[PDB]
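Participant: Numbering (the numbering used here), first residue to last: 286 to 817.
Cβ atoms here follow ideal geometry from the backbone N, Cα and C, with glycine treated the same way.
Dropping a structure here in structure tokens format, bear with me for questions.
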Amino acid sequence: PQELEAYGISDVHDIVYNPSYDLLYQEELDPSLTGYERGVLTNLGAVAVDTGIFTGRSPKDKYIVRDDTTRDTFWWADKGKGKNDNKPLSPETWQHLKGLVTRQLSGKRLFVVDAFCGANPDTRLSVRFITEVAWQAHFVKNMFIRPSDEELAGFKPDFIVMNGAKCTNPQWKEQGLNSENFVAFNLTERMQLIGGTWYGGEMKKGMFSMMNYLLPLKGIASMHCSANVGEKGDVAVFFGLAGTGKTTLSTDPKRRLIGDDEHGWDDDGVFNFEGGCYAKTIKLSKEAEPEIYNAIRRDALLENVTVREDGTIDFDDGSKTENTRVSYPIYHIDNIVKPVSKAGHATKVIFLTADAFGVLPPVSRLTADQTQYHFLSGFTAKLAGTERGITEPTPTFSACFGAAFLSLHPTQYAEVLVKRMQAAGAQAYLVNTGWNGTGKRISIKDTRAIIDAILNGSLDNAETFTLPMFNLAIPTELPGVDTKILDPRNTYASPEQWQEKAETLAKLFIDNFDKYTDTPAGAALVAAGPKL
Ligand SMILES: Nc1ncnc2c1ncn2[C@@H]1O[C@H](COP(=O)(O)OP(=O)(O)OP(=O)(O)O)[C@@H](O)[C@H]1O
Ligand SMILES: [Mn+2]
Ligand SMILES: [Mn+2]
């Protein structure tokens, strides 16, 4: 307990260190629990919980302490270098938030989970997570790397994550913060503090943000991508924003899964940060996604799904949130890289996007300059009007396909990615997992056959022609793929109807890209973007 007292947490009478899966099951199903701690047992064998008022991350509540360690290296929200959520925090307000959390956890029954972030000993974080909520401990047991008993014996944390979801900050107005909630990081004390939000993804993406700070400064790419590997050792990575297909499409029975969301790329190859996968379950189809569906069993942890009185799950019900999720340890997938989630250098780099404007082609091979342009652009889009019965799509441009998690400037991630790709001779591709002129999403079946064709070389050998405006090389046909869909003009009444939309989208790309054109490298990439 005095070790806990070193963190500021007093008088803990009941300490649960390294809780087993069986204990976490017992704790969640305790009929005496109240409120959002409670779990419910589903007919699939997995416990389901509700994560409370927050059912996704709260970027507006994300703060990073600005001090002499971070001042000149962080990509700060206020430093005129493009928009981001790295809002500066004073060390004095940090101490206030730390007092809130440590007092909240003092005198409680605490779960302590030691885990690694990063598959390689030379660059991993040794993270100690502290929570008073059993399903939060379970989330981190699933999603981080579980140490061996030997690693546990000599465990030396170099980052502490203290989850005080049950406390809030009443001084937030005087302190200039956004709300009574907070997700704060301190790189001098090497700690994350959480208040107000119970959502487990803050811890997952928080540690991801810290890897995104430390690794590129050591020459190692740090990537919002999934990754898998063929029997020959050929590695693919799949970038993309939330919901664009990284987890869906890397979970592929023809490939060994490396990881689904967070990877590094060092001198030896591509390596997972995590010990689990965090899948979306909205409208989950057992036929369309059988491996992910099969992972939903005891020790998986369902979030915010609708569970019927009889224990069945209504996966289509988005009432609590569209962001229904399940975490599971990665070995709930049958065909994975083991015992360590890593492989060689990627030779296929796939940018996933869900184009709600219905303009981009299902697949295209990128030039080198197009790769850089679209990596910095980081496009996807949403049908935001759907619940009001309207389409109009809303663009998101998020640098590196994950600006919410970037702690350095986008160009620093671009430069090390390009360096790794060039050394490996990797080829890049752009895949629209989103919409076309039918006003419907491309089927998962068609997208998987597109991925197959990328990975087995058939797309590279295909005859291609250039789609106008975006100047994207697209194939005339592909094995097992519906041929009509390959040219996005074919799903509209006429190519001119596609063109009206392509022009709308091109202007959005051009306007977004302008902020990168204040270096000569950036200005020169304009020629690789869409052209009116
Ligand atoms: N053609 C398609 N390709 C891929 N996914 C599709 C397709 N059509 C529908 N989907 C659905 O879109 C979602 C893809 O989400 P997925 O979990 O792969 O996102 P992600 O990129 O892993 O995001 P995150 O980083 O937030 O975890 C799933 O709900 C999937 O069923
Ligand atoms: Mn995912
Ligand atoms: Mn993600």
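#1: Quick one: which unbroken beta strand (DSSP E) runs of 3-plus residues sit fully inside the segment 337–367? Chain order, please.
#2: Along the chain, which unbroken stretches of the alpha helix (DSSP H) at least 4 residues long are found entirely within the segment 365–403?
#3: Which runs of the alpha helix (DSSP H), 4 residues or longer, sit entirely within the segment 567–607?
#4: By the three-class DSSP mapping on this structure, what secondary structure does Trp420 have?
#5: Given that a residue counts as buried once 16 or more other Cβ atoms are within 10 Å of its Cβ, and exposed if not, what is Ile349?
#6: Going by DSSP, which residues form a beta bridge with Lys667?
#7: With DSSP collapsed to three states, give me the class of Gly674.
#8: Going by C-alpha distance, which of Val648, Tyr698, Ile505 and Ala631 is nearest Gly710?
#9: Taking any heavy atom of ligand 3 as the mark, which residues have a C-beta closer than 6 angstroms to it, listed down the chain?
#10: Closest to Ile294 by CA distance: which of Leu309, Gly320, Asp737 and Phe414 is it?
#11: Return yes when the Cβ of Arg610 is within less than 8 angstroms of the Cβ of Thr671, no when it is not.
#12: Please tell me whether, using a cut-off of 7 angstroms, the distance from the CB of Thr532 to the nearest non-hydrogen atom of ligand 2 is below it.
#13: Got a sec? Which residues, its chain only, sit under 7 angstroms from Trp720 by beta carbon, not counting five neighbours each side?
#14: Kindly indicate which residue of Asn608, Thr416, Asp601 and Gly337 has the alpha-carbon position closest to the one of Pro304.
#15: Report buried or exposed for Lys517, applying the criterion of at least 16 other Cβ atoms within 10 angstroms of its Cβ.
#16: Can you tell me whether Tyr578 sits near ligand 5, meaning its C-beta is under 7 angstroms from at least one heavy atom of the ligand?
#17: Check for me: the beta strand (DSSP E) holding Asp551 runs from which residue to which?
#18: Excluding the five sequence neighbours on either side, which residues of its own chain have a C-beta within less than 6 angstroms of the C-beta of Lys347, listed in chain order?
#19: Can you tell me whether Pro647 is buried or exposed, with buried defined as 16 or more other CB within 10 angstroms of its CB?
#20: Whole angstroms are fine: how far does the CA of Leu757 sit from the CA of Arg583?
#21: Going by alpha carbons, who is nearest to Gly320 out of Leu329, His694, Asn797 and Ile338?
#22: Using CA coordinates, which residue listed in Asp537, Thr723, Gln311 and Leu390 is at the minimum distance from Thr676?
#23: Which residues in the same chain have their Cβ closer than 6 angstroms to the Cβ of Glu576, if we skip the five residues on either side of it in sequence?
#24: Using C-beta distances below 8 angstroms, list every residue in its chain close to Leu395, excluding the 5 sequence neighbours before and after it, in chain order.
#25: Classify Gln477 as buried or exposed, calling it buried when 16 or more other Cβ atoms lie within 10 Å of its own Cβ.
#26: Tell me where the beta strand (DSSP E) around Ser494 begins and ends.
#27: For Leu702, which option in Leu715, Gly674, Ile739 and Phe660 has the closest C-alpha, if you only look at C-alpha atoms?
#28: Compare the Cα-Cα distances from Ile621 to each of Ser570, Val811, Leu499 and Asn513 and report the closest residue.
#29: Which ranges does the beta strand (DSSP E) cover as unbroken runs of at least 3 residues, wholly within the segment 517–557, from first to last along the chain?
#30: Taking the Cβ atom as the reference point for each residue, do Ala450 and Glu312 lie within a distance shorter than 8 angstroms?
#31: Thinking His423 and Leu309 are a contact (beta carbons under 8 angstroms), I'd like their distance in whole angstroms, please.
#32: Report the three-state DSSP secondary structure of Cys685 (helix, strand or coil).
#33: Closer than 7 angstroms: is that where the CB of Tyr563 sits relative to any heavy atom of ligand 2?
#34: If you run the structure through DSSP and keep just helix, strand and coil, what is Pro695?
Facilitator: Quick look at the numbers:
#1: Counting only unbroken stretches of 3 or more residues, the beta strand (DSSP E) elements lying wholly within the segment 337–367 are 347–350, in sequence order.
#2: Those alpha helix (DSSP H) runs which fall completely within the segment 365–403 and span 4+ residues are 376–390.
#3: 575–580
#4: Sequence index remark: in the sequence shown, residue 420 carries index 135 (1-based). Reduced to three states, the DSSP call for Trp420 is helix.
#5: Stepping through the sequence shown from its first residue, residue 349 is reached at position 64. Counting Cβ neighbours within 10 Å, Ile349 comes out buried, since at least 16 surround it.
#6: Taking the sequence shown and counting its residues from 1, one reaches residue 667 at position 382. According to DSSP, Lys667 bridges with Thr679.
#7: Against the sequence shown, residue 674 aligns to sequence position 389. Note: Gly674 maps to coil in three-state DSSP.
#8: For the purposes of this step, residue 710 is identified with residue 425 of the sequence shown, where counting begins at 1. Per the Cα distances, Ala631.
#9: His509, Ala527 and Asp546
#10: Here residue 294 is taken as the residue at index 9 of the sequence shown, counted from 1. Among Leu309, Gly320, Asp737 and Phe414, the Cα nearest to that of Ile294 belongs to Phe414.
#11: The residue labelled residue 671 in the question sits at position 386 within the sequence shown. The residue labelled residue 610 in the question sits at position 325 within the sequence shown. Their beta carbons are not under 8 angstroms apart, which means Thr671 does not touch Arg610 by this criterion.
#12: Here residue 532 is taken as the residue at index 247 of the sequence shown, counted from 1. Yes, the Cβ of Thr532 comes within 7 angstroms of a heavy atom of ligand 2.
#13: Position 435 of the sequence shown holds residue 720. Hits under 7 angstroms: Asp640, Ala641, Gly643 and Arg726.
#14: Indexing the sequence shown from 1 puts residue 304 at position 19. For the residues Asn608, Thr416, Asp601 and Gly337, the minimum Cα distance to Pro304 belongs to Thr416.
#15: Working through the sequence shown from its first residue, we reach residue 517 at position 232. The residue is exposed, with fewer than 16 neighbouring Cβ atoms inside 10 Å.
#16: Questions concerning ligand 5 fall outside what the structure shown contains, since the ligands it does hold are ligand 1, ligand 2 and ligand 3.
#17: In the sequence shown, the residue the question calls residue 551 occupies position 266. Its beta strand (DSSP E) spans residues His548 to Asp551.
#18: Your numbering for residue 347 matches position 62 in the sequence shown. Same-chain partners within the cutoff: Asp370 and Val468.
#19: For the purposes of this step, residue 647 is taken as the residue at position 362 of the sequence shown. The residue is buried, with at least 16 neighbouring Cβ atoms inside 10 Å.
#20: If you number the sequence shown from 1, residue 583 lands on position 298. If you number the sequence shown from 1, residue 757 lands on position 472. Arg583 and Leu757: Cα-Cα distance of roughly 45 angstroms.
#21: Counted from its first residue, the sequence shown places residue 320 at position 35. Of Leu329, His694, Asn797 and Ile338, the residue nearest in Cα terms is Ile338.
#22: Residue mapping note: residue 676 aligns to position 391 of the sequence shown, counting from 1. Here the closest residue by C-alpha is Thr723.
#23: If you number the sequence shown from 1, residue 576 lands on position 291. Correct list, in chain order: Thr536 and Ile618.
#24: Residue numbering aside, residue 395 sits at position 110 when the sequence shown is read from its first letter. Hits under 8 angstroms: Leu289, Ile294, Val297, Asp299, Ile300, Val301, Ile415, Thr416 and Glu417.
#25: Taking the sequence shown and counting its residues from 1, the one referred to as residue 477 is at position 192. The residue is buried, with at least 16 neighbouring Cβ atoms inside 10 Å.
#26: Here residue 494 corresponds to residue number 209 of the sequence shown, with the count starting at 1. For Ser494, no beta strand (DSSP E) segment is defined; the enclosing uninterrupted segment is the alpha helix (DSSP H) at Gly486 to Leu499.
#27: On the sequence shown, residue 702 is found 417 positions in, with the first residue counted as 1. Cα-wise, what sits closest to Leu702 is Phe660.
#28: Position 336 of the sequence shown, counted from the first residue, corresponds to residue 621. Residue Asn513 is the option with its Cα nearest to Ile621.
#29: Counting only runs of 3 or more, we get 520–524, 541–544, 548–551 and 554–557.
#30: Looking up residue 450 in the sequence shown gives position 165. Looking up residue 312 in the sequence shown gives position 27. No, Cβ-Cβ distance for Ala450 and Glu312 is not below 8 angstroms.
#31: Within the sequence shown, numbered from 1, the residue matching residue 423 stands at position 138. Within the sequence shown, numbered from 1, the residue matching residue 309 stands at position 24. So it is a contact: roughly 4 angstroms between Cβ atoms.
#32: To locate residue 685, count along the sequence shown from 1; it is residue 400. Residue state, collapsed to three classes: helix.
#33: Position 278 of the sequence shown holds residue 563. Under cutoff, so the answer is yes.
#34: On the sequence shown, residue 695 is found 410 positions in, with the first residue counted as 1. Helix, per DSSP.
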